[PDB]
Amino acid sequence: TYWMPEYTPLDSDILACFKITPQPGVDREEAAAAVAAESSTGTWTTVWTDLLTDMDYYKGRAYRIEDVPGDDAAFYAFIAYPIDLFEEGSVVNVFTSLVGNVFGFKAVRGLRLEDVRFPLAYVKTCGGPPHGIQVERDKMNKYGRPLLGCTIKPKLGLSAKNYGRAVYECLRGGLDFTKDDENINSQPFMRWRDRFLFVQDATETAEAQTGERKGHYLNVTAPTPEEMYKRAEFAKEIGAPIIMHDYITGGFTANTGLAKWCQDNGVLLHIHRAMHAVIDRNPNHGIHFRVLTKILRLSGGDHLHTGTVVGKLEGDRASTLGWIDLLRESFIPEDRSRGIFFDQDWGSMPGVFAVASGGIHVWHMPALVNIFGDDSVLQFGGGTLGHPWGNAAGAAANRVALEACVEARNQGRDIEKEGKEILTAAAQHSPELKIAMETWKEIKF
């Protein structure tokens, strides 16, 4: 009753693609049907109350099975769910319905949710980004390049005032943003109200001395919603332009509320993806990051960490580029090479800045600019704070490298091919960049 190979999905249906690794011997159509049932009705055996309902309507149906290229032990199951199975404007409900129970199904060795098609009629019920890329650029007055940020380290042990000192020195050197670590909420060594006040002083001081708008992603991730909103309110009260939330660990209910609050109060929202690798790393069991990307765009954020792309080998980058498109673009066509199983239309829902972070330094700049283009935030932690002349100098080196790569790009140069030359030429006018290049040059013995 759940395997319906003649079913043509409606344009309003939510669709899911599950990669199923069945127990050897289990019939593919039976497994697909079982996953459709558990993720909609939960059961195969009819009880009398079922007969009170329109059973043909209110069920998921598996409508297509495909081989997984390269993996004979698995198959893709495509399942369609009527739009009415779900609470409107609720990523929480869609997620709970799709993934609440089925991952424990004992007749499969593993289940992986690869993609979910959110129909436009459902997308229109969700708040989405508080601002999105283009509004954020207008509010911050920043055009024509990627934005630059830095996470303050160490993550532990700094007072509010010392933390603010680090923030101030980074911002004055040319970074647009600094960032709270995901684990910085309110700790004995640095209580949140003190952090917010000293960070805002740092931000204002650096802004005055550079004449460029600055911000610092103040983490409002908190034990309860009351605390989260109190911290968000205080950021607004003191004039902070941007806050941060850990959407998976704080959770989707909290995130969606906070994003609505940010939209209502003009505050930008940076989203950290802490814990994603618990869920998204195993290729045979869990939820692919591209699904978590769609969920965040609907729940809402103005920036989202996406991975750096450059940290993977050249043949392994396509999926990352796919979810970056899902995050930023209005319409993303099906493309199996990039792991996009369904066309995804966002309509007019704005895109979200892709944030590249993790182990990057000035020598990655040409590739980062080429791969991400302008609507990205490039975060440099060790690559700013580790500059031998300190944070302002570190920031300035990254800023010069970025601007030199963008200018070269705009001139029509192949900036990856000519990256060393572009950086070297810029370093002739920037002592800070010249020594940064020395600091992070890969030494080969």
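Sequential numbering from 1, following the sequence displayed.
Comparing 260-268 with 103-111, the higher mean C-alpha B-factor in the PDB entry belongs to 103-111. The PDB entry reports B-factors from which the mean C-alpha value can be compared for 195-203 and 79-87; the larger average falls on 79-87.
If you compare the C-alpha temperature factors of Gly174, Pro223, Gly347, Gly339 in the entry, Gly339 comes out highest.
Per the deposited record, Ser357 carries the highest C-alpha B-factor of all listed residues (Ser357, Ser186, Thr178, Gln134). In the deposited entry, the Cα temperature factor of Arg409 places it in the middle third of its chain's modelled residues. Sort the chain's modelled residues by C-alpha temperature factor and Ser330 lands in the middle third, per the entry. Among all modelled residues in this chain, the alpha-carbon of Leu313 has a temperature factor (C-alpha) in the highest third. Compared with the other modelled residues of the chain, the Cα B-factor recorded for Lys230 ranks in the lowest third. Per the deposited record, the Cα B-factor of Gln209 falls in the middle third when ranked against the other modelled residues of its chain.
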